[PDB]
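K.L.:
Please read through the structure below; I'll follow up with questions.
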There are 2 protein chains.
Amino acid sequence: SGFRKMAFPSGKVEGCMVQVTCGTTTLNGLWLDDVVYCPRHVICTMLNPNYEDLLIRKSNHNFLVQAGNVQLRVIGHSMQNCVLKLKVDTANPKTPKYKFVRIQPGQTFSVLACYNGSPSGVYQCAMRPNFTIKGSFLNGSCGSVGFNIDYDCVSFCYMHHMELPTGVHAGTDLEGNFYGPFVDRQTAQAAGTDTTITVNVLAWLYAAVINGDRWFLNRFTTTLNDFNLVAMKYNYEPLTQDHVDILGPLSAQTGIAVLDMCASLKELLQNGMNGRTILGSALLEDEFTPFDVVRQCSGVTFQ
Amino acid sequence: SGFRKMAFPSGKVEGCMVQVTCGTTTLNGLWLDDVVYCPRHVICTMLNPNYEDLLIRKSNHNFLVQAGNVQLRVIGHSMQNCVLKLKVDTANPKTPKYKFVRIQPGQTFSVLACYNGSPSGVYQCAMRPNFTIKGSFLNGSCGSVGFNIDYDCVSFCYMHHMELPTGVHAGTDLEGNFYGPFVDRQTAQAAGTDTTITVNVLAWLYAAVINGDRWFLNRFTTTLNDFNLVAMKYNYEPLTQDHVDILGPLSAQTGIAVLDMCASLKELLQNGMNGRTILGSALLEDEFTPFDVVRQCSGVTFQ
Ligand SMILES: *[C@H](O)[C@H](Cc1ccc[nH]c1=O)NC(=O)[C@H](CC(C)C)NC(=O)c1cc2c(OC)cccc2[nH]1
Ligand SMILES: *[C@H](O)[C@H](Cc1ccc[nH]c1=O)NC(=O)[C@H](CC(C)C)NC(=O)c1cc2c(OC)cccc2[nH]1
């Protein structure tokens with residue numbers, strides 16, 4: 001019993017973290033096979049950089065790459081969108097089975113926060129509809145990564161580049177393409193309007209039911225259309241039928257049809273919890289996907 | 001910027017997790033040097049076990065220990081309080097620098113939840129004043145461990161044995177001694193009355209200030225005595241001067257004396273947040289120690 005915001009075991013990713021220094025800037029890189037991936041702004045010195053030019057100047061030896069104590073000789077270098085790829089003379093023996101994936105807003109992943117090539121800690125978070133994440137990142141964390149694990153395969157989805165004036169965070173996929181409309185410039189860039197991930201809240205309510213919190217379960221039902229109208233008023237993402245279907249397995253487990261839970265959520269948005277808590281929380285939690293709930297409640301393990 | 005409930009990187013502990021089977025029961029063990037530590041109730045078959053007797057029957061070969069794919073030959077076995085120690089013929093090459101510690105209520109640690117010797121995920125939690133933890137543990141998780149990391153040293157403090165009727169969790173230190181008044185019997189054991197960790201709430205308020213949430217900061221001050229009276233009414237641990245001193249460094253950082261923050265908390269207990277949030281939360285968070293705050297806000301890393 002019990003429901004926690006659980007992160008993936010981090011060891012497979014820990015074994016890939018390195019430190020990358022160019023001139024005076026040091027940030028984190030990701031060492032897979034004989035390539036180190038890192039954010040390209042390590043070659044900055046930055047209000048508007050011309051990264052292709054800065055890279056003509058730079059030669060391999062200008063990149064100091066340290067894997068713990070060991071220095072790794074850079075024998076080649078290239079750029080792909082906003083990430084630098086440093087070919088090194090040594091393949092990482094701890095490289096896991098891996099993919100690069102681009103996630104969708106609403107999906108979750110674990111962040112391994114690193115400084116100077118060493119891990120500080122791990123937590124789970126959601127890609128917000130506005131393509132930001134509400135993380136815990138200080139200066140020097142750039143190049144920390146986000147990931148999911150599927151059995152033995154690490155799917156890297158996020159590399160950290162920037163903190164916005166709002167104090168939320170923004171970065172790229174491992175092909176260097178930013179999530180959302182940001183650029184890797186030392187300029188102030190505004191977020192974009194966020195909304196709550198409605199399908200995730202419903203998953204979290206099924207998790208509550210599975211654990212034992214049911215007070216919020218109202219006797220009524222509703223239509224997808226009617227619900228999506230009450231949602232718009234409270235800044236909630238529209239629920240699609242793809243979402244309704246993703247919730248089917250939880251619905252079948254708990255004996256509660258999706259539209260009934262939709263009724264029960266519709267109430268909460270209108271009356272609040274009146275001092276009550278769901279799974280130890282007093283706000284409606286939207287950073288658990290339906291998969292996350294099934295994983296945690298089923299004891300799914302990795303390898 | 002940003003404050004998350006961050007767990008320790010789990011890789012050092014991942015490298016120690018093994019599967020232990022006796023007859024039909026399989027749970028998790030901790031492999032350090034040539035010893036595997038696990039909960040002794042793996043030799044049960046359980047309403048009131050006589051563990052010393054069951055162990056006379058058992059011979060080494062009766063313990064099936066698997067480290068991933070590899071079987072580890074048990075060449076000796078012994079009990080220490082509620083944990084079994086299985087000497088194996090092979091020393092774990094991934095053993096980290098480590099200590100066994102017994103933590104104090106109010107302190108925090110990370111849990112690496114495992115099943116069948118494999119990790120499911122990692123999260124941070126607090127030892128409650130009543131010596132329980134509010135975890136996420138299913139049947140078969142027993143032998144999962146809790147730990148802290150200090151640079152390169154893993155300090156193991158918790159091994160999981162039981163879930164109480166309340167659905168909170170209870171276990172031992174790595175010397176097999178239970179936290180709180182529980183026993184490893186298949187019986188229903190009641191918790192004991194819990195309270196909120198007052199020093200941790202204050203740390204969490206300094207964390208808020210450090211990040212930018214200050215609305216709750218009242219202009220008044222108060223005495224330790226006066227505050228501890230308002231606390232008792234709301235089921236809050238008494239704040240001692242040892243606690244006040246542990247908060248000194250945060251106080252010095254933020255320019256806010258400890259007793260002033262005590263005034264500002266005294267209000268919240270009396271008026272609530274009136275629909276407002278501190279660090280994205282609408283309840284007063286008590287699972288961050290003062291150290292946890294400084295670690296996270298300072299970028300402290302491990303190795
Ligand atoms: C890389 O380690 C850091 C990450 C970081 C810095 C500070 C706080 N939290 C963090 O996570 N990245 C950067 O510093 C960016 C460097 C590159 C992409 C140019 N810069 C920013 O993230 C940044 C820059 C600015 C301004 O510059 C005018 C203005 C306002 C906000 C801002 N954020
Ligand atoms: C070990 O893997 C499990 C852990 C566990 C089981 C179920 C749910 N969450 C969990 O974390 N431990 C056990 O099953 C204990 C076995 C040993 C210590 C005997 N048993 C319990 O934790 C337990 C036993 C009971 C009752 O037995 C009459 C009654 C009520 C609650 C209860 N908990």
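Identifiers in the structure tokens: chain A, B, ... in order shown; residue index from 1 per chain; ligand index from 1 in order shown.
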Show which residues sit within 10 Å of residue B:284, as a list in words. Count only C-alpha atoms, and ignore same-chain residues fewer than 4 positions away.
P.N.:
residues 196, 198, 200, 201, 202, 204, 205, 265, 268, 269, 272, 273, 277, 278 and 279 of chain B
K.L.:
Set the cut-off to 10 Å, count only C-alpha atoms and all ligand atoms, and list whatever residues fall near ligand 1 as a ChimeraX atom specification.
P.N.:
/A:25-28,39-49,82,113-116,135-144,160-171,182-190 /B:1-2
K.L.:
Once you count only C-alpha atoms and all ligand atoms, what closest atom pair and distance in Å to one decimal does each residue of chain A within 12 Å of ligand 2 have, with rows by chain and rising residue number, as CSV?
P.N.:
```
residue,atom,partner,partner_atom_place_in_ligand_line,distance
A:1,CA,ligand 2,9 (N),5.8
A:2,CA,ligand 2,9 (N),8.6
A:3,CA,ligand 2,9 (N),11.7
A:211,CA,ligand 2,8 (C),11.3
A:297,CA,ligand 2,9 (N),11.0
A:298,CA,ligand 2,8 (C),11.9
A:299,CA,ligand 2,9 (N),10.9
```
K.L.:
Out of stretch 42-258 of chain A, which residues get helix (DSSP H, G or I) from DSSP, as a ChimeraX atom specification?
P.N.:
/A:42-43,51-57,60-62,198-211,224-233,241-246,248-254,258
K.L.:
So what do you get for atom CA of residue A:303 versus atom CA of residue B:295, distance-wise?
P.N.:
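Those two atoms sit 29.4 Å apart.
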K.L.:
I need the residues of stretch 134-189 of chain A that end up classed as strand (DSSP E or B) by DSSP on the backbone, written out as number ranges by chain.
P.N.:
A: 145-150, 153-163, 169-172, 178
K.L.:
Please save C-alpha atoms of the selected residues as a compact mmCIF listing (two decimals), in the first residue's frame.
P.N.:
```txt
# COMPACT_ATOMS: atom_id res chain seq x y z
CA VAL A 145 19.42 14.29 -18.29
CA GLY A 146 15.90 12.97 -17.96
CA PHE A 147 14.99 9.42 -18.76
CA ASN A 148 12.61 6.50 -18.52
CA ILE A 149 13.50 2.84 -18.09
CA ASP A 150 11.73 -0.03 -19.88
CA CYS A 153 16.50 -0.07 -21.90
CA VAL A 154 17.13 3.53 -20.88
CA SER A 155 15.11 5.95 -23.03
CA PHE A 156 16.76 9.38 -22.68
CA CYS A 157 14.30 12.19 -23.37
CA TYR A 158 15.65 15.42 -21.81
CA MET A 159 18.90 17.35 -21.52
CA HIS A 160 18.90 20.43 -19.35
CA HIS A 161 19.89 23.81 -20.83
CA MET A 162 18.15 26.69 -19.12
CA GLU A 163 16.13 28.16 -16.31
CA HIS A 169 13.28 24.75 -16.60
CA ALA A 170 13.75 24.10 -20.29
CA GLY A 171 15.94 21.92 -22.43
CA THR A 172 16.25 19.64 -25.39
CA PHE A 178 14.37 22.18 -27.71
```
K.L.:
Find the distance between atom CA of residue B:36 and atom CA of residue B:78 and write it in Å to one decimal.
P.N.:
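Straight-line distance from atom CA of residue B:36 to atom CA of residue B:78 works out to 10.6 Å.
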K.L.:
Please, what distance in Å, to one decimal, runs between atom CA of residue B:101 and atom CA of residue B:60?
P.N.:
28.0 Å
K.L.:
Of the residues A:88, A:224, A:294, A:174, which is the one nearest to residue A:75, using only C-alpha atoms?
P.N.:
A:88
K.L.:
Can you pull out every residue within 12 Å of residue B:5, counting only C-alpha atoms, but drop anything in the same chain fewer than 2 positions away, and send it as a PyMOL selection string?
P.N.:
(chain A and resi 4-7+111+121-125+134-136) or (chain B and resi 2-3+7-8+108-110+122-126+204+207+279-281+285-289+292-293+295-297)
K.L.:
Identify, on the basis of only C-alpha atoms, every residue whose closest approach to residue B:261 does not exceed 12 Å; exclude the query and any residue fewer than 6 positions from it along the same chain; express the result as a PyMOL selection string.
P.N.:
chain B and resi 198-199+201-209+214+216-224+227+244+247-248+250-251+254-255+267-268
K.L.:
Neighbouring residues of residue A:85 were defined as those with any atom within 12 Å, considering only C-alpha atoms; residues of the same chain fewer than 5 positions away were excluded. Please report them as an NGL selection string.
P.N.:
:A and (20 or 29-40 or 42 or 55 or 60 or 63 or 65 or 74-80 or 174-176)
K.L.:
Using only C-alpha atoms, can you tell me which of B:283, B:257, B:229, B:22 comes closest to residue B:58?
P.N.:
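Among the listed residues, the smallest separation from residue B:58 belongs to B:22.
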